[PDB]
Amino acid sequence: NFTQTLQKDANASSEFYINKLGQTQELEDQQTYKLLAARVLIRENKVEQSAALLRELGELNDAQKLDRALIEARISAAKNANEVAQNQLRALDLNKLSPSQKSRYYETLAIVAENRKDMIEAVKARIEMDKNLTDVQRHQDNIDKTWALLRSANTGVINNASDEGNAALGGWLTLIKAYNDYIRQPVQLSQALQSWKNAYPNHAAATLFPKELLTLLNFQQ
């Protein structure tokens, strides 16, 4: 059942899947390769190409329809059609989505929230996304993107945001607060980051620091 590949992470390039599309004689599997290519075209910053490829799809089975609907929502989010993106996701039953599909659902929600300049909601969505990620690079990328969202937030939001009782969110909020309070004082910043790590030793960012923080820790002027 090749269709089940849609339930998995798609790590190859769009060219990989398009080349496979040209080597497959089964119409059904051709649609699967088009859907895989359409998914990764978004990752490659080729959203219009992705949308056009979806419009070339032939008849689909139910598993393919579910995946198309998810890609549609991601395209809407990339295009800042935020209400439509949320409508498209709201029509999906999360119980029918695989972990990887769930990761993609929450990533789309995180992009919508970022589009709306709601950095806290975007971070919450990425925490939910993270629960479903097992690919090391995807997790690292999510850590870096989460940090970028926090870095972009206004200081009043960082200073007053509630963690809502969520430990992952609380660890993130205290990390960005440490950065914001001490970035003008490099000496104290390294100490502040060490103090954060010893308070949150098993937080996702403590195991795998955002690249921006690793860069600051490694670089001597």
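The first residue of the shown sequence is 1; numbering continues from there.
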{"item": "Higher-scoring stretch by recorded Cα B factor average, 54-62 or 157-165", "value": "54-62"}
{"item": "Which of 109-117 and 136-144 has higher mean CA B factor, as the PDB entry lists it", "value": "109-117"}
{"item": "Member of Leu189, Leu70, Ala37, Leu175 with the greatest C-alpha B factor (per the PDB record)", "value": "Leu189"}
{"item": "Given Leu94, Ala122, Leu150, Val84, the residue at which the Cα B factor reaches its maximum", "value": "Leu94"}
{"item": "Chain-wide C-alpha B factor ranking for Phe209, given as lowest, middle or highest third", "value": "middle"}
{"item": "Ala10 - Cα temperature factor, lowest/middle/highest third of chain", "value": "lowest"}
{"item": "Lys197 - which third its CA temperature factor falls in, relative to the rest of the chain", "value": "middle"}
{"item": "Among modelled residues of the same chain, the CA temperature factor third for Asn80", "value": "highest"}
